Amino acid sequence: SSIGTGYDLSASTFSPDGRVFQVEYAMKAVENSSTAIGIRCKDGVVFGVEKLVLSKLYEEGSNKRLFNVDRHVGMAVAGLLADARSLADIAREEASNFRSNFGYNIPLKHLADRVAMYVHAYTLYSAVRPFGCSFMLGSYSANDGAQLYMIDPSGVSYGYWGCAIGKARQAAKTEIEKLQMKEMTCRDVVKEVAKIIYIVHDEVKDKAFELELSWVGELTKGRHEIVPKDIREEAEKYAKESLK
Amino acid sequence: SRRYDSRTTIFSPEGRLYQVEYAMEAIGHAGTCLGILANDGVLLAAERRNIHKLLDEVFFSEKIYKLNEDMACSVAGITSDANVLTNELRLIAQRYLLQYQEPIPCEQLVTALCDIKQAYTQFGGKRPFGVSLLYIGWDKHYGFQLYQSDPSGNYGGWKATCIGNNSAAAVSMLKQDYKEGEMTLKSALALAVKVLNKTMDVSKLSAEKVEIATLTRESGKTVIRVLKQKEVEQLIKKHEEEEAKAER
Amino acid sequence: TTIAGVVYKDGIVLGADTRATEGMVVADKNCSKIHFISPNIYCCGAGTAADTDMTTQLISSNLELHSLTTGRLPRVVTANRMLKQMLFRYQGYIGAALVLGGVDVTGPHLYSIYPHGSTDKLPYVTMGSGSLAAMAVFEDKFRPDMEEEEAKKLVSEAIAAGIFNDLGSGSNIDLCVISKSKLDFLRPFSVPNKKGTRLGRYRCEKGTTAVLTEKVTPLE
Amino acid sequence: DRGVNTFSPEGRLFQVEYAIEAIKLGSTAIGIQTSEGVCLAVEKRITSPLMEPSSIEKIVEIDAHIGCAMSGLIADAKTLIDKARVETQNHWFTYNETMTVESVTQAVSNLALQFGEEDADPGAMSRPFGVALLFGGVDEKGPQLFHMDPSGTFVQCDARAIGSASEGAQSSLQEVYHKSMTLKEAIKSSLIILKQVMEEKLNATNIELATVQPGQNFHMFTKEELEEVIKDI
Amino acid sequence: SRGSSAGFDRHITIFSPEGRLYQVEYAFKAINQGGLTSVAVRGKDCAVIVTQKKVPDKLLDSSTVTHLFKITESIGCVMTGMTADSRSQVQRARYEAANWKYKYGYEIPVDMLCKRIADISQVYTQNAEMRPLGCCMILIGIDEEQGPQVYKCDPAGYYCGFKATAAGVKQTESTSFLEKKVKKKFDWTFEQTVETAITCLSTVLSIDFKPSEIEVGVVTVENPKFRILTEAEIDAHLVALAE
Amino acid sequence: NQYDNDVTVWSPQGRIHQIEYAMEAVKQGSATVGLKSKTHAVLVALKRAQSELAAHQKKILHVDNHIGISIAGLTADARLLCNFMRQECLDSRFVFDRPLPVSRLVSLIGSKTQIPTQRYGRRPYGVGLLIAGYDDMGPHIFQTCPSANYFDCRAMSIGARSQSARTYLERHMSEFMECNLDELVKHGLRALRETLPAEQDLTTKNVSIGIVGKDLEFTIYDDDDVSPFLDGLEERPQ
Amino acid sequence: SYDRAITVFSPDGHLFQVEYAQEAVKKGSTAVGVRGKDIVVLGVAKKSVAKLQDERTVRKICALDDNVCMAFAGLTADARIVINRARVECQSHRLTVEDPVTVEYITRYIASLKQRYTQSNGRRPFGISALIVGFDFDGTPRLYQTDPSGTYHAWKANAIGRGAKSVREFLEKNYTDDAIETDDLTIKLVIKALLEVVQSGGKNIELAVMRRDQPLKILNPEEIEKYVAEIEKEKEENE
Amino acid sequence: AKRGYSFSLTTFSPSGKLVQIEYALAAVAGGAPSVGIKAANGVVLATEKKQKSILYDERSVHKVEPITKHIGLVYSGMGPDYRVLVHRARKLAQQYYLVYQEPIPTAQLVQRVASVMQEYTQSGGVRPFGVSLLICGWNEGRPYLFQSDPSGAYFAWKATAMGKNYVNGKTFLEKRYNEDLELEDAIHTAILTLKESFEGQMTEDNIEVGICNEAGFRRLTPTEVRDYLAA
Ligand SMILES: *[C@@](C)(CO)[C@](*)(O)[C@H](Cc1ccccc1)NC(=O)[C@H](Cc1ccc(OC)cc1)NC(=O)[C@H](C)NC(=O)CN1CCOCC1
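Here the protein sequences come in this chain order: F, B, H, D, G, E, C and A.
Read left to right, the first sequence gives residues 1 to 244 (the deposited numbering).
Read left to right, the second sequence gives residues 1 to 248 (the deposited numbering).
Read left to right, the third sequence gives residues 1 to 220 (the deposited numbering).
Read left to right, the fourth sequence gives residues 1 to 233 (the deposited numbering).
Read left to right, the fifth sequence gives residues 1 to 243 (the deposited numbering).
Read left to right, the sixth sequence gives residues 1 to 238 (the deposited numbering).
Read left to right, the seventh sequence gives residues 1 to 239 (the deposited numbering).
Read left to right, the eighth sequence gives residues 1 to 231 (the deposited numbering).
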């Protein structure tokens, strides 16, 4: 799994054991970034990201790793932020073209598939490199309910009840399995998303961090919105008090 | 991407084009192909490499191509690359006739193709055409002519020349027997059989192993004629009597 | 022109006249207007004569390319789609009024295709300058699922009606009978019109023309 | 082996830094900015007495008010000089005024990093220009000297030297130059420094001198008026 | 020869000294990277598809995890290999199938769809700019003329009709199972054909499945529409296996 | 070692060396300090002399009436990005007749700078920028990198020995928002001062100031205009 | 479509592809030209023509316009392209400006063409040096040279090709007003320079003269052999 | 995001060889054996079709393909590569017919196809075809047999064999083939040439054979192949 001349220098080159290492190294880039979490509840989807404070000279809400793709779709990114931002634009544009062509809001399953196909296109050629980021897409409606999809550098999309991507993604998933989610309201999910972030965050490794939350569901009438200052602070109190 | 580029159109540290010189080595493997200029005409003599019992023989020739009403050429090197060039030669000849309403002069046809071969050596990143050509023809400007072409795009007019296998050994043999301004078609044909006999590693030389075409001026029009087996056998038997003339 | 097509019990019978015109003069007294598309599909043509020939050839070429790849007998709908979409692309500048007929694994099919690219799927169709005259026969005498010889008679009478009542059409009647079992291309099916026998003797006797220059070139 | 747009671990571009090294091979050129005007000097470096010295032009005019002196690979500058000449005429055609010395320097500097392999035009550059430039002229701000290098960086200089012996010439300029010196002092100073660093003995046909001043337009010195200051050693 | 290398014959799609294409050979090994096996069996009445449905953690929505794909109303398929590559080949298949109907006015044959994808896959075999797709497509459907059809195309560009086939990790062991069962001819009704497909996947993995561990796709003569079997229908066949 | 030639080549560690090397070019150029208050945004830039017989490099450039930048790295890349920023601002005013929001301009820079970092044979922009702008949301300070990542910061400094400025800006951070214009620039210079060896500090030759705010459009101070700001100086207490 | 950088800078600041092209002209046939005061004459040595070769087709001296001609050294195939491009430009200058091409202008075109081939994607430099000769509509004779890099200079006399160094230093000694007095003596200077490299010419010397009155005159092996004897009784005049 | 390499992948070696073509020749040599024989009455093309698993449906994919009503094809080497040339040959045949309204002569088709094969030895970023073609056809009241190999060179044969045991095939042919054998006898000796290199015992579903005479080109039906197998 570490052979010499070539094999891993190009995305257009298979290794003897049939692997595209350039895609796997782009996944290594997302594994080195901080954790992003998303839970699908009975009436919506909630996102959480441990935004790492690199310098105390940055403002609050700087380097948003939470995005609005469409008025009903949210995006939580992990990995190389520059590539994540450009993938948000593709996501936005595909969501924009759908409305202009057909009239209604793009279905999340269809939106995920179209963006995932775009990610995949960047894994076949020597002329381009794979995106070094994983991202999640959350939506809610009266007809379809809560839906959550995740897309990795390879171009694979899957539906999730709960999903984590980043530094301690496997450590976070063991904490998500403790939650019922299916019979939980999103009012109490924000509460839970907060603490899992505080648990997984390594205090001695990474010094300073800020918690970012967003949600889309019944409570927000189908729109993807930022979790208000009042609600975020109540959840962060639950995170620090359950630290005992 | 730049790792897989073998840089075909690049100079060497010594100031020479590797892909051209390496292509020239490919010509030296191909069949022997010679040309001789005479006073009353001009001919080509080529070694046949398609010499199997099971071959059909459908075309009039293997190595000789008619290009024009007044012109013909022969080939040494990669046979497929030659098919590209000979087809292009016919187009150039027709372009000229369409515009000027007279046959293309020999030198003008040779330069036009050489411009193309030169191009493939300077830009594009593609491999050069692995072909050397010999051209025979007549025009109203210089009369009977013989031209040679390189993979580099280099050309030259010759009174007598040879290209292909044992090119060096053949050209020194022509350098001995050839008489400037004194060669007739009969004497040039006799020379052609002699040179091919020595350069042929199977020194029996049947008519099915060789190929000879003649270009003559006949009553106002040019006549290009490929000699058939009975004509060629008769030419070889004439040469074979000269081996029996040494017994004096 | 007059061209017609009909669907009978076993398959399709196509018909055409043999007159081509240049202005108001007869250019060809014996013209082929029933065109080969595939071994099982044939197509009658009206309008611009050259447009009829080349369009019908291109599609015949495309279908042969299609049948070789599939390894199976081509369908009339495929011929229809190829003709319809092409003619539409040219906005009717290719003047090709067509009657398309053939027998598939689906059965017998008949189409009329207009220069603008509109198609009609019908039991009987007429195209050309003598199409209304031919239609009057079809509306008067047509019955569903006719016998082979009855349909041959109907179409030939329709083309005749065009021939004798339209100045743009004349000469011979051509038929093409296509079934699941048999293909019959009857070129001269009927010769209704004939040139009158010459009465005067207008033989230009040898040496009746004065010559100024003569050159004789020998050949091989 | 790498591409042309590759960064070194230090942060600079390989081809660009190598282009700076190409200037070190070229002949030395001096420029001095003065209250009374701007003078430009260059050594020709004639390799053969059979070569016509006047055909070696290393100082050319861009407009009446702007002159330019190059060093390194002369053939590369010819396109840069023409693009400069076109820009000043295009500016005149559109705005009915002469272009400023800084603007012309800036226009040329834009072309500096216009090289590459992939994603390039049918007629695109493959490598940086192996030439340094000294733009000298007079506009509204007065007499001005500008320096340019392959990296695209352009800066105003009081006095600058570029070429093979540019290191020793610059320190010689720092020793002599001050703000109040005259143009006659500037020409005299530039030639002395030029004869020091030259392998061949400084001669009338051996060098080139040009001055741009508020008084009158760009003027290249002839054999006679060169000799006028050659006789001051 | 055999094991020999000269130049970049292992990095790009150019000939080795033996006349092999290592980059294509590696793509077959890339099929095994999915860790799954597919089995396709053709009957006299139907065509059957079966695949492993691996849901390790309950956090994944099992409904989204599939390798069965609808291309046409009459044509379905199973994808084996790299999942991102597979979906790409499916969208292309759907495009080729739709455009076929538009141009020719009739539904694309399974025969012709497989040929089309194989031809596209061939381009990656010849062009050095891109790697071949590390996946394998098996198409089912009922042809109007020749009935039940099973077809399979490679990363190499090879395609062929089959009585039964497999793809994936346990490809070579499954084909041995199908060979024994085709040797002893039965009446290939919907009942046995589906069961054979499941038993082949069951014995070759030695697992004995729950209705959630496998996914089944079928096309019947009386019902030519491509169907994905629900857990209820899968369990019905699984309880019928318990003999 | 073999993974540091192209932006398309991923390192086995999950890094792109070509982007990291381009980021070094930023640390090569001289330091610049960006800071904002509640009404004003200020850019204080130190200039480099290639030889003090030549002028000090231009470090602050205009973009629009409400937006200005200070560059660190390759000059030709800086001017290229500057022209892009100017164009987008010009288009905004041409179409909507209103100034382009600073955050939206920076988002466009993020788009443009991302493209080459993913294409073969291309290179990242070898320049980092500090952007000072004023709009409906008040004064702004933005940081850009060779990697298309950008930051919305309270204060920032990038360049050679800009580490010392970062320490100063962090300690006097709580004072910034309530601070007046006169002292807000002083804080900028006192940050830029730390990025210098203890021999000599700020003068009229090497300091450039760019100020934008509610009061005034973006204005560059350089020589005689910079000397009122230096007056009221407090010597180095190292 | 093929956008690969062929000519690039070296660690020491060199352009190897250009220098290698300058090695190709070094291996080429010796070409020399001298500028008189009434006629300009150029000639080429290092021939070694096989005799069995048509000497008319391998001429290295070519006319460009009614008043401009050139000789070259190096890759003969490369030169033919350049010559054709230069000839087109001579007529294009007459379609745009009407005025005939000047000797300096046509040299500047050839130089810029060769320079463009050292700074373009997918292209390789020309492996030739050219000696451009002509007369201005002014009266003054002209002699220029180019090289693979694209630099051009005016010369009183110059030699490029095989053993250019040897002929260059022979010309430096022999170039005086006495050597360029009349027509015959300027021609003698070329031939005497060629005899420094060639193994006794006459048959191995191709040379052509140009006057401001008439077009190009290529001298035949009969007129060249006359100068072989005229300088021989100058050489054998020591006693 | 895509473009394409513009440089050749086939280049000249120092010894003067186009290495990629000779390696592509290795691919055809390792392919399944196929034979062609001109009967001076018709043309026969026969190929080995070893199916290896019984699960494979024989009739699904064909090795002997028709270009048009009078021209037929076989190959030795790579199946996928052959199929591209098949489509290209069919399309070329239609181009000719559209212009001349006359069935394309075999020689002309072979020349056009070989030109395509030549392109893939010089064009940017491509490898040569790993296929040698057997092209047969009837036109001008005369039978034709041609071979087109990876280099782009064509040869006219009276009889030849390619693929595995091509050496043993040809030496068997010149020993058994005479320029007088009628089509019926030509089919026999075509099957016999394959029998010389078969190892596995022949059935009618084990070999594919096509004939070409004045009636046109067609693939022999399994029943016809079975009746001929009664040797
Ligand atoms: C009957 C005879 C119409 O009177 C048919 O429609 C017939 C169709 C046919 C005939 C032979 C072969 C295939 C199909 N049409 C014609 O004979 C046609 C009449 C016509 C003339 C001009 C037109 O305007 C565009 C359209 C129809 N005759 C011709 O095509 C003649 C031979 N050609 C010309 O008149 C020259 N035209 C060509 C079209 O552009 C204007 C000049």
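In this text, a Cβ means the ideal position worked out from N, Cα and C, and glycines have one as well.
Any non-hydrogen atom of ligand 1 closer than 7 Å to residue i Cβ
i       : result
H:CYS31 : yes
H:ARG19 : yes
H:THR1  : yes
H:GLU22 : yes
H:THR48 : yes
H:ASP53 : yes
H:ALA27 : yes
H:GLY95 : yes
8 Å Cβ shell around residue i - same chain, five flanking residues per side excluded
i        : result
G:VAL221 : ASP45, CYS46, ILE142, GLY147 and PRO148
Same chain only: Cβ atoms within 6 Å of residue i, ignoring 5 sequence neighbours per side
i        : result
D:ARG160 : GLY31 and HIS147
G:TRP188 : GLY43 and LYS44
E:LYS38  : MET177
Below-8 Å beta-carbon distance, residue i vs any chain G residue
i       : result
A:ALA32 : no
F:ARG19 : yes
H:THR70 : yes
Residues near residue i by beta carbon distance below 7 Å, same chain, minus five either side
i        : result
H:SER190 : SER156, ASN172 and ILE173
D:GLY168 : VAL197
Closer than 8 Å to chain F by CB, residue i
i        : result
B:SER1   : yes
E:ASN149 : yes
Beta carbon proximity, residue i to chain C, threshold 8 Å
i      : result
A:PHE7 : yes
Nearest-angstrom beta carbon gap, residue j and residue i [assumed within contact, 8 Å]
i        : j        : result
E:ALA148 : E:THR203 : In fact, because the Cβ distance is near 36 Å, the residues do not count as touching under 8 Å.
Chain B contact for residue i (CB, 8 Å cutoff)
i        : result
A:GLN118 : yes
Where residue i meets chain E, residues with beta-carbon distance less than 8 Å
i        : result
D:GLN156 : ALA54 and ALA55
Under 8 Å by beta carbon: chain A residues contacting residue i
i        : result
C:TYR2   : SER6, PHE7 and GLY124
F:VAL115 : Per Cβ cutoff of 8 Å: no residues; F:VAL115 is ~15 Å from chain A at best.
Cross-chain neighbours of residue i in chain C, by beta carbon under 9 Å
i        : result
B:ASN166 : Result: empty, since nearest Cβ-Cβ is about 17 Å, beyond 9 Å.
Partner residues on chain G for residue i, Cβ-Cβ distance less than 9 Å
i        : result
F:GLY217 : Those do not exist, as F:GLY217 stays about 17 Å from chain G at its closest Cβ, beyond 9 Å.
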